[PDB]
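Residue strings, one per chain:
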Amino acid sequence: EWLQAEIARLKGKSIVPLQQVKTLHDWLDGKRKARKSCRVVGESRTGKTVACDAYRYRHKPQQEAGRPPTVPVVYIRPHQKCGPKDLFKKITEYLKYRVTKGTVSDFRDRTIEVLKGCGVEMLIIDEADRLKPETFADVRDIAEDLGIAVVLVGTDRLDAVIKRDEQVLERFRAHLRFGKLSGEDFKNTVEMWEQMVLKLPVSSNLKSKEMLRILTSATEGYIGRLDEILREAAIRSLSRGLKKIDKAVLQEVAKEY
Amino acid sequence: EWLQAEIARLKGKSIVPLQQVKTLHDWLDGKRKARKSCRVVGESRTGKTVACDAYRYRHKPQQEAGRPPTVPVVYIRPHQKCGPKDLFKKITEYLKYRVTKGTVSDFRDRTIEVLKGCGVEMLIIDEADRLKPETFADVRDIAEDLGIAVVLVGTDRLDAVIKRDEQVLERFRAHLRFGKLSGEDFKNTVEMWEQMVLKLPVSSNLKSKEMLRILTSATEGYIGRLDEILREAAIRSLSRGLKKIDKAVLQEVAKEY
Amino acid sequence: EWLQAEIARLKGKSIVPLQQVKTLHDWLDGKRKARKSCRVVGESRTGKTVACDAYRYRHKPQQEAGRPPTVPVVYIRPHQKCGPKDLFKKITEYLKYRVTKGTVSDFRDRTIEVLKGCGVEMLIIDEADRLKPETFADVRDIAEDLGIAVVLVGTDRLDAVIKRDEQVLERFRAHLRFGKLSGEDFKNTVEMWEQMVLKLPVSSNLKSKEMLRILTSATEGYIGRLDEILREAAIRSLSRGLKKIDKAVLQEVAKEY
Amino acid sequence: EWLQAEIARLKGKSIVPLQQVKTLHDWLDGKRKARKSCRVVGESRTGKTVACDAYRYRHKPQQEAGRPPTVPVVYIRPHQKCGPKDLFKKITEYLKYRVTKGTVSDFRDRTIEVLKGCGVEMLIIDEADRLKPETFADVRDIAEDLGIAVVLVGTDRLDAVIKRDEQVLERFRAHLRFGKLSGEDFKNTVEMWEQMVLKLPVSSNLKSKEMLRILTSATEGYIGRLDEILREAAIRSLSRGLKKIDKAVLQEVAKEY
Amino acid sequence: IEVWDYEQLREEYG
Amino acid sequence: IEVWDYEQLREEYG
Amino acid sequence: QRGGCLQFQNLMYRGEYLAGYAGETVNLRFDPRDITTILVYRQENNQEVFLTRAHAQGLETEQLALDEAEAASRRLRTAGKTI
Ligand SMILES: Nc1ncnc2c1ncn2[C@@H]1O[C@H](COP(=O)(O)OP(=O)(O)OP(=O)(O)O)[C@@H](O)[C@H]1O
Ligand SMILES: Nc1ncnc2c1ncn2[C@@H]1O[C@H](COP(=O)(O)OP(=O)(O)OP(=O)(O)O)[C@@H](O)[C@H]1O
Ligand SMILES: Nc1ncnc2c1ncn2[C@@H]1O[C@H](COP(=O)(O)OP(=O)(O)OP(=O)(O)O)[C@@H](O)[C@H]1O
Ligand SMILES: Nc1ncnc2c1ncn2[C@@H]1O[C@H](COP(=O)(O)OP(=O)(O)OP(=O)(O)O)[C@@H](O)[C@H]1O
Ligand SMILES: [Mg+2]
Ligand SMILES: [Mg+2]
Ligand SMILES: [Mg+2]
């Protein structure tokens, strides 16, 4: 069923080479080679986690016969009110070790051992502000002691949390900001979704002035709304049998925002 | 009945050479010539016990008339909470020496004599975390007093048990890790299993992209789950009358997991 | 290859003799002879830890053939939420006595023995504010009972913790403070980095007014930032093939901070 | 086969006349004439059993005409949780006497009779902490009733056992410490191992700065690791037809630890 | 220019 | 004046 | 507050000694024409003494009257944005 195949495809996800992502990877290679700790910040729909998964899924783990894996980059995501044990538990599991019951110092010692054993160069912590305030002592320690670039990813609340500890603030000072699309850059990006992501049977001409007004007012420049609006409009218009997106059907989806 | 002959084939184990197995055999042959004790670690369904079985059988006893048979490799599985008497009981029994009631230092004395007598080079312990803490002292004694490589085999829980005692940690500091299947290796291993183990009257063609998606989600890279999932799907297929594994039954088997 | 040796050297670390390090050592030597407890305070990139390590490496453990080492200066660093048993564990391991299982009073009595036996005169505690509030009872105990100059090292946070207890504040009132570089002292130190640490083959003339408007603005007078900024600008310049740093490349590095 | 001669040599053991060994024997010779009981302490890989065995290979048994053998030094290693009978059985058997079906108070009297008859001056009890707490009453009874110096040899746990009983602590209060290698002493020892133990036809010159970095990291000052590592590198290297140990093969070995 | 399926990136990962 | 490699002081300390 | 912060008119301030006084109450003394810097005084022996100058983090080079900070804060609260 050709319709149902497109509804099963379009509700999926992709990664697109965009300037904001190419920029991050050139920057994170700089921090990894230089071993310098830093932070990535910006508004919640700019696509920072996709840009970091595109980094983790490049730089693949290397396998040597019967050795533990050599893992250049670690990406973890903490749970809410993450304590020292929960950070160490996750780093240990990500490098493929099972964590056995112990005191906080057993988890600390085993984590330091597996980070140094797996040859880790960079540790990326997503949603860094889920960390409890004391755990940053253990993150500073990992970065002081081992040759590891810690990268904190968050939004503008993360800065409001980092600024409550002088020891963290003066270490995680270097930073890159994810920004919103505009002008020619929003215009050019809409064409990339039409031709690389949506795969509709005839051109929808989404970059035209009568259509960019609709999409501009809907998306505010957020890449996370652009992908959401254009998948929802494609799913909906195919279930009505059109080979395109058009003015009225896109205004139906945008009127939900 | 030709059908019954084949159902009886699928329920029984067999050994398939794999990269992981080869890697261990060569590593253990370095250790045996050097008489260096070590340990092997890895998750419980990586097939560690089986690799050791395969290893033992390559190097079964050598003998002459009147001369007691030389036995280069000794392998044992300790029962739960294994004490100093029960360890010596098993080593005596594997060497096929007849045994009788005595105090622990009679079992010790007898065990040291039969290890020396049979010219043993290497002693392999499965499930080594099962040992009671006071037995590792008799194991260090075997290793220091006799020209024997002791190979402790177990899970991540083995190292948590070892780090509790500096005397042990140091004799057994060197190690090898059993890893999981992934990427092209999981794919090639699935293909080998079809040609070398299943042999069903019509090729199932499991390497197909939609079949591997089913096997990957169902097995998560463990060889001990892969072999189990495929045997139950092939027994189900044959008892439902199909001449090969199909997607409709393979999904049903995986739905239980 | 010439370049790759410089890129390895620049990623390394060194201790440069500076006035603030010389000023600490001549104060610590006074406190060691007078057996007075005191504290070193200052901001989080002033280089307190390198100054304390440079001091530990002056008074090396003296050795007599069959005795415990004579160790004049001990330096330790606690883990977060350090309890009495964790503090005692570390002082005992530093003096190279292995730590067996026991209760807090066993660890206390053993730490007090080894501090006497090794002839310790000073105990430097880094990041002192990781100590749990009760442990200070054991720190004051060591310092009143034994002839040991306890030095607490830390940022302004430490004093906020200390002022919560009169009993401690009064043992540890005498302080030396680390500051920031300015004026002639920042200008002179940049020339020491250029000649002694960067060792670039064409002089970068970093003491010029146009370079010092960059460095004074970006480093804010911290020696931690000055070492990080200049090593990054030297790695980046040599990997781009320039035999010295230039105004635009130092601007590119400083823009990140 | 010339090659098969060399691997049989490197697999074995030899004793190197280290300053620490010389220091023990000179100390124990003071204790042997003075008849004073004492203890030797240190970490488990520091050379202690080998240093004690070399003292037992000095002072080997005399046999003048018509007398029992005079045996100035007895050395024993107890079994784990060694009871009062088992200690007397080991002392009796080391002195070559057969022993027959005693109750423990027969084994005691026969031990006292052979300790007198053989003119024993010193009794070195290796792994002294394998002794059950009640057997120390028999060790003190040997030391007080006879003119015997008892030397307890062990790790930092031995101290923890002794400190549980005033009766023992006082008989065995004096002690010497075995410690790890460092600085110029590590470098001199590696040079000695190369010419004294390895004897490859061409020089490997391991005292070279680049090679001592691999060994210092790999061995952390333990004489135990240093030897294993240098042997394993000679064995592996020789099996592949090389004339020397080189940088790459030495890193291949050290990675296993 | 290349675009990626999020799930293909997951399938290709270690 | 002399400037000390931090790893060389680490190597030379007891 | 912890880490030496003060909060005043929604601006957050930090300064050269404040972290050592966490949990104490201080008398802020300020100029309504420019609140980007505040003088902090504390009481010792029932005598008020000068402690430090506190500066609104990240806007030390700007200027803000208290009326500008208050009016902008109302617009942020009305808009529903964070402050
Ligand atoms: N580079 C990209 N290529 C393709 N799709 C993208 C890209 N970046 C974002 N998207 C789409 O938009 C969404 C943006 O969400 P994403 O998780 O990337 O944002 P984020 O910045 O991590 O959010 P938050 O900070 O709230 O966690 C993605 O889930 C995806 O559907
Ligand atoms: N070399 C092999 N050839 C074929 N099948 C194998 C092989 N190794 C393992 N298997 C399959 O996977 C299972 C796992 O092997 P095994 O029983 O040795 O696991 P293990 O890792 O020793 O288990 P545990 O760690 O829980 O003791 C086997 O029972 C078998 O079905
Ligand atoms: N005298 C010095 N010579 C060389 N490098 C120095 C010197 N002082 C500081 N540095 C460098 O500055 C950086 C930070 O210094 P350091 O680690 O001593 O900071 P700190 O004041 O102890 O920080 P914190 O308060 O966070 O513990 C390091 O890269 C260190 O090598
Ligand atoms: N002086 C030495 N000359 C040669 N080899 C030595 C020397 N000292 C130690 N070794 C070697 O180091 C290893 C361990 O040394 P040894 O068995 O003496 O340890 P130990 O300190 O008695 O052990 P433990 O303290 O754990 O009981 C052995 O391979 C031994 O041959
Ligand atoms: Mg995210
Ligand atoms: Mg097993
Ligand atoms: Mg020994």
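Residues numbered from 1 in each chain as written, not as in the entry; some residues may be left out. Chains lettered and ligands numbered in written order. Part of a larger assembly, values for the part shown. Heavy atoms only, no water.

Phi at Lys81 of chain C takes a positive value of approximately 50 degrees, unusual for a residue other than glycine. Examined against the element boundaries, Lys81 of chain C turns out to sit in the loop between β3 (73-76) and α4 (84-94). Residue class for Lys81 of chain C comes out exposed when judged on its relative accessible area of 52%. Its identity as a non-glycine residue notwithstanding, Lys101 of chain D has a phi of 55 degrees, on the positive side. Mapped onto the elements, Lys101 of chain D comes out in the loop between α4 (84-94) and α5 (104-117). (Helix = DSSP H or I, 4+ residues; strand = E, 2+ residues; numbered from the N terminus. Buried < 20%, exposed > 50% of the residue type's maximum accessible area, 1.4 Å probe, protein only.)

To continue, consider the arrangement of the chains. No interface is formed between chain B and chain E, the nearest pair of C-alpha atoms being 7 Å apart. Taking C-alpha atoms only, the smallest gap left between chain D and chain G, which are not in contact, amounts to 40 Å. (Contact = heavy atoms within 4.5 Å.)

All names here are of chain B. Protein coordination at the magnesium ion (ligand 6) comes from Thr49 (OG1) and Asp126 (OD), with a distance range of 2.0 to 2.7 Å. With a gap of 77 residues between them, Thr49 in helix α3 (residues 48-56) and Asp126 in the loop between β3 (122-125) and α6 (136-145) connect regions that are remote in the sequence. The exposure class assigned to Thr49 is partly exposed, which follows from its relative accessible area of 31%. For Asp126, a relative accessible area of 6% translates into the label buried. (Donors = N, O, S within 2.8 Å, 3.2 Å for Na, K, Ca; no water.)

Soluble, globular proteins show a tendency: their nonpolar side chains are buried together. All names here are of chain A. Ranked by size, the top nonpolar core spans 58 residues in total, and within it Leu24, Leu95, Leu123, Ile125, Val150 and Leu152 carry the most contacts. At five residues, strand β5 (residues 149-153) tops the list of elements feeding residues into this core. Apart from residues no more than four positions distant in its own chain, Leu95 is found in contact with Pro69, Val71, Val74, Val114, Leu115, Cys118 and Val120. (Core = buried A, V, L, I, M, F, W, Y, C linked by side-chain atoms within 4.5 Å.)

Per the UniProt record, "binding site: Mg(2+) 1" (unreviewed entry) is annotated on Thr49 of chain A. If we skip the residues at most four places from it in the chain, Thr49 of chain A touches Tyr75 and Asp126 of chain A together with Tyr6 of chain E. (UniProt positions renumbered as here; feature names shortened; annotations may be inferred.)

The subject of this paragraph is the site of ligand 4. Lining the immediate surroundings of ligand 4 are 20 residues, of which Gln167 and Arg171 of chain B together with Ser44, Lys48 and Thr49 of chain D lie closest. Within the side chain of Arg171 of chain B, one N or O atom sits 2.8 Å away from an oxygen atom of ligand 4. Taking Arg45 of chain D, its side chain carries an N or O atom lying 3.3 Å from an oxygen atom of ligand 4. The protein chains hide 90% of the 630 Å² of surface that ligand 4 would expose on its own. (Near = heavy atom within 4 Å. Polar contact = N/O pair within 3.5 Å; in protein donor to acceptor, adjacent residues only side chain to side chain. Areas by Shrake-Rupley, 256 points an atom, 1.4 Å probe, with all protein chains shown as cover.)

What follows covers the pattern of salt bridges. Under the counting rule described, the total for this entry stands at 114 salt bridges over all chains. Close ionic contact of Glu191 of chain A with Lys207 of chain A constitutes a salt bridge, the shortest N to O distance being 2.8 Å. Of this pair, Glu191 of chain A sits in helix α9 (residues 183-198) while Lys207 of chain A sits in the loop between α9 and α10 (209-219), and the two are 16 residues apart along the sequence. Classification of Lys207 of chain A as partly exposed rests on a relative accessible area of 41%. Taking the shortest distance from any N to any O, the salt bridge between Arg171 of chain B and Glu144 of chain B comes out at 2.8 Å. A residue pair is termed long-range when its members are at least 10 positions apart, and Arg171 of chain B in helix α8 (residues 166-171) and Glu144 of chain B in helix α6 qualify at 27 residues. Connected through salt bridges with shared partners, the residues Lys31 of chain B together with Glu232, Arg236, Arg240, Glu252 and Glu256 of chain D form a single ionic network. (Salt bridge = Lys/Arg side-chain N within 4 Å of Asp/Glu carboxyl O.)

Residue and element names in this part refer to chain B. Contact pair helix α4 (residues 84-94) / α6: the axes reach a minimum separation of 9 Å and the direction vectors enclose 40 degrees. Judged on the interaxial angle alone, α6 and α4 are oblique. Contact residues: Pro84, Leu87, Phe88 and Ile91 in α4; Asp138, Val139 and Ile142 in α6. Split into classes, the residues belonging to the contact of α4 with α6 amount to six nonpolar, no polar and one charged. (Axes fitted to C-alpha atoms, helices over the stretch in contact; angles between N-to-C directions. Parallel < 35°, antiparallel > 145°, perpendicular 65-115°, else oblique. Nonpolar A, V, L, I, M, F, W, Y, C, P; charged D, E, K, R; others polar.)

Before going further, it helps to spend a moment on α4 of chain B. Residue and element names in this part refer to chain B. Inspection of α4 places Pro84, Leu87, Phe88, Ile91 and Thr92 among the buried residues, and these make up the whole buried set. Buried positions in α4, seen along its axis, are confined to an arc of 130 degrees and lie on one side of it. Looking at the buried positions of α4, the neighbouring elements they touch are β2 (73-76), α5 (104-117), β3 and α6. In the segment just after α4, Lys96 is the residue with positive phi, at about 60 degrees. (Arc of directions from axis to C-beta.)

A separate point is the interface of chain E and chain A. Chain E puts 12 residues into the contact, and the matching count from chain A is 18 residues. Note on chain E versus chain A: buried area summed over both sides is about 1300 Å², and carbon and sulfur give 69% of it. On inspection of chain E and its partner chain A, the count reaches zero salt bridges. One can count four residue pairs in polar contact joining chain E with chain A. Of all the secondary structure elements, the ones that give two or more residues to the side of chain E that touches chain A are β1 (4-5) and α1 (6-12) of chain E. (Buried area = accessible area lost by both parts, 1.4 Å probe.)

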